[PDB]
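S.K.:
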Amino acid sequence: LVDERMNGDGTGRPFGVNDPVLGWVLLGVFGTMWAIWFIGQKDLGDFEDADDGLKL
Amino acid sequence: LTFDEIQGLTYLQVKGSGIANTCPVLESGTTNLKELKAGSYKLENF
Amino acid sequence: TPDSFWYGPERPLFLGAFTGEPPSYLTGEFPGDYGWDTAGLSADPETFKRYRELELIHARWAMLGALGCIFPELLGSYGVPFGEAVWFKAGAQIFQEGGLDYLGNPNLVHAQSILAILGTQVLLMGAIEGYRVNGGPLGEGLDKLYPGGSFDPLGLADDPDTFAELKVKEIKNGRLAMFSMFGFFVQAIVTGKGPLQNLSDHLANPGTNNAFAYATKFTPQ
Amino acid sequence: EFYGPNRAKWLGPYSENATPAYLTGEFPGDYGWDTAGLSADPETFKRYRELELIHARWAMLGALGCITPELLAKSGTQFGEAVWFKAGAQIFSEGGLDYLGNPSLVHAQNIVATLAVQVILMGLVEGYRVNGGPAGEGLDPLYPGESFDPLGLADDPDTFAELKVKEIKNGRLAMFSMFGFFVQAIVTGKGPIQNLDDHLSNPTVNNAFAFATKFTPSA
Amino acid sequence: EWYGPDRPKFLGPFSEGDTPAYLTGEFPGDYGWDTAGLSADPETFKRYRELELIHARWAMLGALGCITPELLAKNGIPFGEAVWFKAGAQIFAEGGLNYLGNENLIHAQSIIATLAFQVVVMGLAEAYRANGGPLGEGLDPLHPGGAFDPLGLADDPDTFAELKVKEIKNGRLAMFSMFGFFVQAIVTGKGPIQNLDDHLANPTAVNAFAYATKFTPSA
Amino acid sequence: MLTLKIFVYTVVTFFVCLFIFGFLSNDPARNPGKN
Amino acid sequence: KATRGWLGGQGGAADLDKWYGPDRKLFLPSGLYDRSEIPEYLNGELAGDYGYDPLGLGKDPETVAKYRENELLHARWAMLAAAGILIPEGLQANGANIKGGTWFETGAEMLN
Amino acid sequence: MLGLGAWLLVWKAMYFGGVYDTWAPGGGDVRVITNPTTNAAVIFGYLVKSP
Ligand code: CHL
Ligand code: CHL
Ligand code: CHL
Ligand SMILES: CCCCCCCCCCCCCCCCCC(=O)OC[C@H](CO[C@@H]1O[C@H](CO[C@H]2O[C@H](CO)[C@H](O)[C@H](O)[C@H]2O)[C@H](O)[C@H](O)[C@H]1O)OC(=O)CCCCCCCCCCCCCCCCC
Ligand code: CLA
Ligand code: CLA
Ligand SMILES: CC1=C[C@H](O)CC(C)(C)[C@H]1/C=C/C(C)=C/C=C/C(C)=C/C=C/C=C(C)/C=C/C=C(C)/C=C/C1=C(C)C[C@H](O)CC1(C)C
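Residue numbers (PDB author numbering), protein chains in the order written: chain w, 60 to 115; chain o, 52 to 97; chain y, 36 to 256; chain n, 39 to 257; chain g, 31 to 249; chain i, 1 to 35; chain s, 34 to 145; chain c, 155 to 205.
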C-alpha cells in the first residue's frame, strides 16, 4: 500500500506493545529502578516490628 | 493475504490492522492469461 | 550463629511445625538449614562438609543453567533467529550447515567443529576447576565455597551480618534452581518441548495441559 | 534366634565372619547384612531402619493392593482397569473411577481434586508421624502402639519382639515383590497375576528368559 | 612414591591444596579422590575398598571376556555372535551355544540348567569369600594368598605393595572400560572393536558426537 | 516512529517509577511534625 | 492421650469456658439475654446448656437430669436416623440397587 | 464475601437458569453460559488494554 504504519490504533495490545523490545523497555526501566530502590532501602528505616508506620 | 485468509478472520482481528484497506492478493493462479474462458461475467468483489 | 532468623535453634524448618526436633548435627550453623536430613546421609560431620560444598556448586551451576535455558528460548520466541532456541536441542546447532551462531548471528562466534569446542572447554575448565580446589591467579588462600576478594568485587560480603544473610539467599535461589533444572530435565523427557513452551501451553489451558496429559505416556505394552 | 549373636544370618551357616561388628542383633531383621558398609554410623543406621520399615509398610500395602483388584477381576468384578499399572488412568475414563464396580461408590472424575485432597491429607498424617499429632505425641517413631495397637497385640514384650521380626520379614518380602511388580510390568507389559497365570500354564517357556532379547540396542 | 605423601594425586598440581585427611596414602590406588566425602568413616571405607577391588577383578575378567570373542572372530573363527551384548542369545539358537564352533564342545541347550548351576556354584564361592572355608579361613578377604597365590608372587612386601598398585590401576582402567563397553553398546549398537575399527576409518566424522542427537526427546 | 515509541516508553516509565518508588521510599516520615 | 495439635502445635480441649459456668454461650446473645434472666436450675453443669427453657419445663436439677436421659437418647437415635435416611437414598439415586432407599416407603417395600 | 458473591453470578449463569445474552444466535434471550472464558491471556488482556 501507499505508506508505512505501525498499525496499532485500535488493536488493544497489552500496555500498547507490539515490538517485543517495548516490553523489555517496561521491564528494564522498572527493573533498573526497582533495583536502585532496593539497594537504597537501607536508608529508609527498618520498619520491622508491627507498630512501625505513620499511624494514629 | 488471499481472499480466503481475509474471510477466515473475524471482524475484531482485522480491525485496526490495515488489512481491511487492502485488496486480496491472488496467490494461486498463473500468468498464462488465456485459460480465462471467453464470454460475459458479472464482476463482483472488484 | 547470630540472631539472623535463619540460624540457631529457632530457625524455619522443612516441615514447618510438623518437623519436631531436627537432627543433632544440624545445629542451625550453615545456611539453608531447614533440618532436612531424613536419610541421615550427612550424620558424619566430615561428609556433611563435603555435601555442603557439593550442594552449593550444584546450586551455582543450576542457577546459571536455569537462566541459560530460559534465555535463548525467551528471545527465540521474540524473533531472534536461533538455530535451536530450545535448550536441549541447542547442542545440535554445531551439526547443522551454517554451524553455531551466537544470537543466530552468522558473523558472531560461528562455531563449526565440536571437537574444537570440547578441546577448548577441557583445557579451560580444567584450569579453573583446579583453581577452585587450590590457589590460582584471582585468589590463592581463600574459602573453598565463599572465596571473595576478586570474586566479590562489589564488596557485597563485607558486613558479616549481611554476608550470613546473603548466603541464605544464595542457597535458596540455588535449591529452587536445582529443583527447577530437574524440572527442565523431566518435563523435556516426558513432553518433548521447551520449558517456556510448556509454560505457555499450560497457561493456554491449565485444566488439560498439566502433567496428567502425559501420565499414560510411559505405559508398558 | 533372631536376636543376640546366636541368631539367623544372611548367609546362614557361612556367615560367622561375614557380619560386621555393629550389627549386633538388638534390632529386628538384623541378619547382619551390611556388605557395602552403609550403616556403619549408628546415627545413619537409625535413619535407615526408619527408611526400611516405612518402605516395608508401604510395600505390604502396595503388594496387597496391586493384587486384589486383579483377583476380583478374575472373579467377575468389572473395574474399568484392574491391572495396577493401568488402574491410575481409569480416572480419565468416561464414567470416572468407580471403586469396585458401583457408580454409587466414589465415582471420582477430577484427578487434580483427588490429588490435592491427598496432598492435604497425606501432608498431615506424614507430619503426624514425625512430630506427633492427635493419636500421640511422644511415642516411638516407628512403633507408636497407643492408638495404633487397638487390639492389644503390643503386649508381652518377649513375643512382641517376635512380631517386629514377623513385621519386617513380611515387609522385606513385599519390598522384594514390589521391586518384582515394577520390573515384571516394564519387561512383560502385563499384570502380575497374568504373569502368574501363564507361568502356571507352561513353566518351560513362560519365564523371564523369553523376554531377554527385549532391550537389545539394534542400530 | 605410591604411598605416603609422595603419592601422585588425582588432580595433579591442583590437588596439593586439599585431599581428604583420612586418605593418607596407606592403601593402593590412593590418589586422594574423595570429593564427595563417601569414606570419612573408616568402617565404611574398608567396605568400599572391598567393593572397589571385587568390581575391579570382575571388570578385568569382563573386559577380557568382551574383547576376546571379537578378536577371534576377526581372525576367521566362526562364532554364533562375536559381540558381547548379543552373546547370551546363542542358547536360544538352533544348535545352541557352541563354545567356538564345534559340537564335541559345551553345546548348551537349557538356560535353566546353566543358570541354576551358576547360582549354587557362585553361591558357594562368594559365601566362602565373605566368610572363609576350604581354601582358607583366617586369611585377608582383600588379598588371601596361599591357594590364591600359587605362583609365589605375594612375597617381599616392597614389590608386593607395588603389585597391589598394579592390581587396582589395571582394574580401574577395566571398570572404566566396562562402563566404557556398557555405554558404547547402548548408544551405538555395535561391538567395541566394531566401534574401534570405524573410528579408525574416519576419526573426525565417526566419534561419540555422531550419535549425540540420538537420545533426543520428541513427542 | 518505533524509535520514538521506544524512547517515550523509556522516558515515561522512568518518571512513573520515580513516582511509585518515591512514595515507597518512606514518604509519610518526611514531615516536619514530630510525634 | 498426649494430644498434639491437629494442624500445628498444642491441641485438645482448649477452653470449656464457652460451655460451662456463668460465662458460656447461650441461645440469645448478651445484649438480648443477660446473666440474671437465666433460670436458676440451668447452670453450667450439663453439656450443651444454653439457658434455653422459655416454656418452663425444667423444675430443678434432678428433673432436668431425668429429661437429660430423654434428650440424649433422642439425640443418639436421631443421629443414627439422620445417617440412615440420607445415605440409602443417596446411594439409590446415584446407582445402588437398594430399591427402597427413600425412608418413608421402606416398610411397604417389604411386605409379602 | 466478595469472592463468594462473585461466584453467585457464575453459578447463576452456569447453573441457575443462565443470564441474558444479547449476542445469542437467534436473537437475545437467557443463555446458560456453559463455556466461560478462563484463559488468563484473555481475562487479563482487558486489564492491560488501553482505555
Ligand atoms: C506444615 C506443612 C508442610 C508440609 C506438609 C511440608 C512438606 C514438605 N516440605 Mg516443607 N512442608 C511444610 C511446611 C514448610 N516447609 C517449609 C520449607 C521447605 C523447604 C525449603 C523445602 C521443603 C520441602 C518439603 C518436602 C520435604 C520432604 C519430601 O520431599 O516429601 C516426600 C514426599 C512427597 C513429595 C510426596 C509425593 C507427592 C505426590 C502426592 C506424589 C505424586 C504421585 C505421582 C503421580 C507418582 C509418580 C509416578 C511415577 C511412575 C513417576 C515436603 C513436601 C523440600 C522440598 O520441596 O523437596 C521436594 C524443600 O526443599 N519445605 C516451610 C518454610 C519454613 C514450611 C512452613 O510451615
Ligand atoms: C550440563 C551438562 C550437559 C547436559 C545436561 C547436556 C545435555 C544434552 N546435550 Mg549436551 N549437555 C551438557 C553439556 C555439553 N553438551 C555439549 C555438546 C552437545 C552436542 C553437540 C549435542 C548435545 C546434545 C545434548 C542433549 C542430548 C539429548 C538427550 O540425550 O535427551 C535425553 C536427556 C534430556 C532431555 C535431558 C536430561 C539430562 C541428563 C540425562 C541429566 C543431567 C545429569 C547428567 C547425567 C550429568 C552429566 C554431566 C557430566 C558429564 C558432568 C542433552 C539434553 C545433543 C542435542 O542437542 O540433541 C537434541 C547434541 O547434538 N550436547 C558440550 C560441548 C562438548 C557440553 C559441555 O559440557
Ligand atoms: C550358604 C547359602 C546361602 C547363600 C549363598 C545366601 C546368599 C544370600 N542371601 Mg541368605 N544365603 C544363604 C543362606 C541363608 N540366607 C538366609 C537368610 C537370608 C535373608 C532374610 C536374606 C538373605 C539374602 C541373601 C542374599 C544377599 C546378597 C545379595 O543380595 O546378592 C544379590 C545378587 C547376586 C546374588 C548376584 C546376581 C544374581 C544372579 C546370580 C546373576 C544373574 C545375572 C543377570 C542375568 C544379569 C542380567 C541383568 C543385566 C541387565 C545387568 C544372597 C543371595 C537377602 C536377599 O534376599 O537379597 C536379595 C535377604 O533378605 N538371606 C538363611 C536363613 C537363616 C540362610 C540359611 O541357609
Ligand atoms: C508486557 C509486560 C509489561 C510489564 C509487566 C507489567 C506488570 C508488572 C506487575 C508486576 C507486579 C509488580 C509488583 C511489585 C511490588 C513491589 C513492592 C515493593 O516495593 O517490594 C519491596 C520488597 C522489599 O523486600 C525486602 O527488602 C529488604 C531490604 O533489605 C535491605 O535493608 C534492610 C533494612 O531495611 C537490611 O539492611 C538488608 O540487609 C538490606 O538488603 C530485605 O532485603 C528483604 O530481604 C526483602 O524481602 O521487595 C520484594 O519483596 C520483591 C519485589 C517484587 C519483585 C520485583 C522484580 C522487579 C523486576 C525484576 C526483573 C528486572 C529485569 C531486568 C532486565 C534487565 C535487562 C534490560
Ligand atoms: C551454565 C552456563 C551456560 C552454558 C553452559 C551455556 C551454553 C550455551 N549457550 Mg547460553 N547463556 C547463559 C548460560 C549458559 N549458556 C546465560 C546465563 C545467558 C544469559 C546472558 C545465556 C545466553 C545465551 C544466548 C543469548 C545464547 C547462548 C548460547 C549458548 C550456546 C553456545 C555457547 C557460546 O556461544 O559461547 C560463547 C559465548 C561467549 C564467549 C560470550 C558471548 C560473546 C558474544 C559473542 C560477544 C562477544 C564479546 C565482545 C563484545 C566482542 C569481541 C570481539 C572479538 C573480535 C574479539 C551453548 C549451548 C547461544 C545459542 O545459540 O544457544 C541457543 C546464544 O546465542 N546463551
Ligand atoms: C456486619 C454485621 C455485624 C457485625 C460484625 C455484628 C457483630 C456483633 N453483634 Mg450484631 N447484628 C447485626 C450485624 C452485625 N453484628 C445485624 C444485622 C443484626 C440484626 C439481626 C444484629 C443484631 C445483634 C444483636 C441483637 C446482638 C448483636 C451482637 C453482636 C456481637 C456478637 C454476637 C453475634 O454473633 O451476634 C448475634 C447475631 C446473630 C447470631 C445473627 C446470625 C448471623 C449468622 C452468622 C448468619 C450470618 C449470615 C450471613 C453470613 C450474613 C448475611 C449475608 C448477607 C445478607 C449480607 C458482635 C459484636 C450481640 C451483642 O453485641 O451483645 C452485647 C447482641 O446482643 N447483634
Ligand atoms: C536434601 C536431602 C535430604 C535427605 O536426607 C536425603 C535426600 C532426599 C537425598 C536429599 C535431597 C537431595 C536432592 C533434592 C537432590 C536434588 C538435586 C538436584 C535436583 C540437583 C540438580 C542439579 C542440576 C544442575 C547442577 C544443572 C546444571 C545445569 C546446567 C549447567 C545447564 C546447562 C545447559 C545450558 C545452560 C543450556 C544448554 O542449551 C544446555 C545445557 C548444557 C543443559
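Backbone N, C-alpha and C fix where the C-beta goes; we use that ideal spot for every residue, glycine too.
Please report how far the alpha carbon of residue 103 (chain w) lies from the alpha carbon of residue 20 (chain i), in whole angstroms.
M.R.: Rounded to whole angstroms, residue 103 (chain w) to residue 20 (chain i) spans 15 Å at the Cα level.
S.K.: Are three or more beta carbon pairs between the stretch 62–73 of chain y and the stretch 40–48 of chain y nearer than 8 Å?
M.R.: Output reads yes: the stretch 40–48 of chain y touches the stretch 62–73 of chain y.
S.K.: Three or more beta-carbon pairs under 8 Å between the stretch 212–225 of chain y and the stretch 89–105 of chain y, yes or no?
M.R.: The stretch 212–225 of chain y is in contact with the stretch 89–105 of chain y.
S.K.: Decide if residue 22 (chain n) is buried, meaning its Cβ has at least 16 other Cβ atoms within 10 Å, or exposed.
M.R.: The requested residue 22 (chain n) does not occur in the structure, where chain n is confined to residues 39 to 257.
S.K.: Can you find the residues in the same chain that come closer than 7 Å, C-beta to C-beta, to residue 48 (chain y), ignoring five residues on each side of it along the sequence?
M.R.: Cβ within range, chain order: 54, 57, 69, 70.
S.K.: Hey, could you find the ends of the alpha helix (DSSP H) residue 9 (chain i) is sitting in?
M.R.: Element bounds for residue 9 (chain i): 2–24.
S.K.: Examine chain n for any beta-carbon lying closer than 8 Å to the beta-carbon of residue 256 (chain y), and answer yes or no.
M.R.: Yes, residue 256 (chain y) lies at the interface with chain n (some Cβ there is under 8 Å from its Cβ).
S.K.: Expressed to the nearest angstrom, what Euclidean distance is found between the alpha-carbon atoms of residue 169 (chain y) and residue 178 (chain y)?
M.R.: Going from the Cα of residue 169 (chain y) to the Cα of residue 178 (chain y) covers about 10 Å.
S.K.: Compile a chain-ordered list of the residues in the stretch 71–105 of chain w whose CB is closer than 7 Å to at least one CB of chain y.
M.R.: Listed in sequence order: 79.
S.K.: Could you name the residues of chain y that residue 193 (chain c) contacts, counting a contact when the two beta carbons are closer than 7 Å?
M.R.: Correct list: 239.
S.K.: Does DSSP put residue 114 (chain s) in a helix, a strand or coil?
M.R.: In this structure, residue 114 (chain s) counts as helix in the three-state DSSP scheme.
S.K.: Between the alpha carbons of residue 102 (chain s) and residue 111 (chain s), how many angstroms are there, rounded?
M.R.: Between residue 102 (chain s) and residue 111 (chain s), the C-alpha separation is close to 14 Å.
S.K.: List the residues of chain s that residue 162 (chain n) touches, going by C-beta distances under 9 Å, in chain order.
M.R.: Going along chain s in sequence order, the residues near residue 162 (chain n) (Cβ under 9 Å) are 39, 40.
S.K.: Does the beta-carbon distance from residue 85 (chain y) to residue 67 (chain g) come in below 8 Å?
M.R.: Yes, they are a contact pair.
S.K.: Does the CB of residue 19 (chain i) have a neighbour CB from chain w at under 8 Å?
M.R.: It does not; no Cβ of chain w falls within 8 Å.
S.K.: Got a sec? Which residues, its chain only, sit under 6 Å from residue 134 (chain g) by beta carbon, not counting five neighbours each side?
M.R.: Result list for residue 134 (chain g): empty, nothing under 6 Å.
S.K.: I'd like to know whether the C-beta atoms of residue 216 (chain g) and residue 58 (chain g) end up nearer to each other than 8 Å.
M.R.: No, the Cβ-Cβ distance between residue 216 (chain g) and residue 58 (chain g) is not below 8 Å.
S.K.: For the alpha helix (DSSP H) that contains residue 78 (chain g), what are its first and last residues?
M.R.: From DSSP, the alpha helix (DSSP H) with residue 78 (chain g) extends over 72–95.
S.K.: Compare the C-alpha of residue 143 (chain g) against each of n:48, n:247, n:41, n:256 and name the closest.
M.R.: That would be n:247, whose Cα lies nearest to the Cα of residue 143 (chain g).
S.K.: The beta strand (DSSP E) spanning residue 183 (chain c) covers which residue range?
M.R.: Run containing residue 183 (chain c): 183–185, per the beta strand (DSSP E) assignment.
S.K.: Let's test the definition: count the other Cβ atoms within 10 Å of the Cβ of residue 35 (chain s) and tell me whether it reaches 16, buried, or not, exposed.
M.R.: With fewer than 16 other Cβ atoms within 10 Å, it is exposed.
S.K.: Give the residues of chain w in contact with residue 202 (chain c), contact being defined as C-beta atoms less than 7 Å apart.
M.R.: Under the 7 Å cutoff, chain w gives 73, 74.
S.K.: Answer yes or no: does any C-beta atom of chain n fall closer than 8 Å to that of residue 117 (chain s)?
M.R.: With 8 Å as the cut-off, residue 117 (chain s) does not count as an interface residue toward chain n.
S.K.: In the DSSP assignment, find the beta strand (DSSP E) that holds residue 174 (chain c) and state where it starts and stops.
M.R.: First-last of the beta strand (DSSP E) with residue 174 (chain c): 173–175.
S.K.: Give the C-beta separation of residue 103 (chain y) and residue 207 (chain y) to the nearest angstrom, bearing in mind that I take them to be a contact with Cβ-Cβ under 8 Å.
M.R.: Going by Cβ atoms, the distance from residue 103 (chain y) to residue 207 (chain y) rounds to 20 Å, so no, they are not a contact pair.
S.K.: Which residues bound the alpha helix (DSSP H) around residue 84 (chain w)?
M.R.: Segment 79–98, the alpha helix (DSSP H) holding residue 84 (chain w).
S.K.: Jot down the residue ranges of each uninterrupted alpha helix (DSSP H) in the stretch 73–159 of chain n, minimum 4 residues, whole runs only, in chain order.
M.R.: Whole alpha helix (DSSP H) segments, 4+ residues: 80–103, 106–112.
S.K.: So what does residue 37 (chain s) bridge to, in DSSP terms?
M.R.: Answer is s:43, bridged to residue 37 (chain s).
S.K.: Tell me which residues pass a beta-carbon proximity test against ligand 6: closer than 6 Å to any heavy atom, given in chain order.
M.R.: The answer, residue by residue, is s:62, s:63, s:64, s:65.
S.K.: Below 8 Å CB to CB, which residues in the same chain sit around residue 51 (chain n) once its five sequence neighbours on both sides are set aside?
M.R.: So no residue of the chain qualifies.
S.K.: Under the DSSP definition of a beta bridge, which residues are partnered with residue 166 (chain g)?
M.R.: According to DSSP, which records beta bridges pairwise, residue 166 (chain g) is partnered with g:163.
S.K.: For chain n, find out if any of its Cβ atoms is closer than 8 Å to the Cβ of residue 247 (chain y); answer yes or no.
M.R.: Closer than 8 Å: yes.
S.K.: So what does DSSP say about residue 183 (chain y), is it helix, strand or coil?
M.R.: Of the three classes helix, strand and coil, the one that applies to residue 183 (chain y) here is coil, per DSSP.
S.K.: Identify the continuous alpha helix (DSSP H) that holds residue 91 (chain y) and give its terminal residues.
M.R.: Counting along the chain, the alpha helix (DSSP H) containing residue 91 (chain y) begins and ends at 82–112.
S.K.: Hey, quick one: how far does the alpha helix (DSSP H) through residue 213 (chain n) stretch, first residue to last?
M.R.: Looking at the DSSP string, the run of the alpha helix (DSSP H) that includes residue 213 (chain n) is 195–224.
S.K.: Under 8 Å between beta-carbons, which chain w residues line up against residue 42 (chain y)? List them in chain order, please.
M.R.: Simply none; closest approach about 17 Å.
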